[PDB]
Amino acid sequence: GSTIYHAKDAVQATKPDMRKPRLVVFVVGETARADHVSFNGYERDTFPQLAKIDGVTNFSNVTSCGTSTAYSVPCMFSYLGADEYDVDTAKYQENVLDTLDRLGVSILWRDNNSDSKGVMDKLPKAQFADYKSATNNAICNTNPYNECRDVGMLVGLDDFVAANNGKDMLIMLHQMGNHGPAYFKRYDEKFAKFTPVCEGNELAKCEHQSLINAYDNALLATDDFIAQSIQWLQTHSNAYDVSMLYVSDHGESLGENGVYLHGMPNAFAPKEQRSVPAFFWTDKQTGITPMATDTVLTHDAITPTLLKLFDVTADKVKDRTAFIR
């Protein structure tokens, strides 16, 4: 499969030897629903730590490209947009990480979910790290399952910065997040605020309130992970222009019309599986301005956002709306 290109006209208007190097974390979320975010009007405070952080924009109208990890994750990094995106040929397309890497941005992908679903396949494999096992993830024995935790993807990031001193960096952290059906496994005891909690894999058999409690508890652990990611970025804010993008890959059905989990084809998927949260945070010194919080946005906004974050322009997406101006 030879590579089909889309942005080899891309140019970086300023280089990190002539201005401040830029360091961005893009959290690729998992199964998070927009309508269970407190900032979007949910009845529960599911993001208490993200709330205390100044400079975070919550986007209340974001629609995902699809309803599954294999479908949406390549669409998120693609140049084609949702209405031309072909999941079966995405692996052979130049994607936005191929462009930024070719332009010299240091690309790191850490995965506590599954893998990059083909996004990183053209880059050297040393740039992808499996964080689902203790060989990389130092934070696994904090729960009765010894499930490795998303926050463990932040450990050792300082040594990655040290190895790329004075370069632009884009760090993708692929979250386990709210992956089901075992939502009760996805968070440590610290986040068991909502009880009782469904523990069965047979979601339709659980009490509904119990199912929601486990789901919302998992969101509390993602709140903690995003906050810690911003806090890590703040420790490098003097030498680097730092920012954090979070977007979920899709939402989740939680019993509506007897539908559970996700992956329903777009042609008849419910609203709940495509309505996703998005958050953007930047340091005041970066000069990045977020779009209005109620901008109508989709996964198509991600690729132009990453390019803008590193001062890159490509004809392919020059008219496209991003999360930032």
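Heads up: residue numbers just count along the shown sequence, starting at 1.
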property: Segment of higher mean CA temperature factor, 214-222 or 236-244; result: 236-244
property: Mean temperature factor over C-alpha atoms, higher-scoring stretch between 246-254 and 157-165; result: 157-165
property: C148, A227, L103, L97, ranked by C-alpha B-factor: the highest one; result: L103
property: Highest-ranked of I107, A82, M120, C140 once sorted by CA temperature factor in the record; result: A82
property: Within-chain third of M76 by Cα B-factor, per the entry; result: lowest
property: Third assignment of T57 from its chain's C-alpha B-factors; result: middle
property: Chain-wide C-alpha B factor ranking for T286, given as lowest, middle or highest third; result: highest
property: Chain-relative CA temperature factor third for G177; result: lowest
property: Third assignment of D115 from its chain's C-alpha B-factors; result: lowest
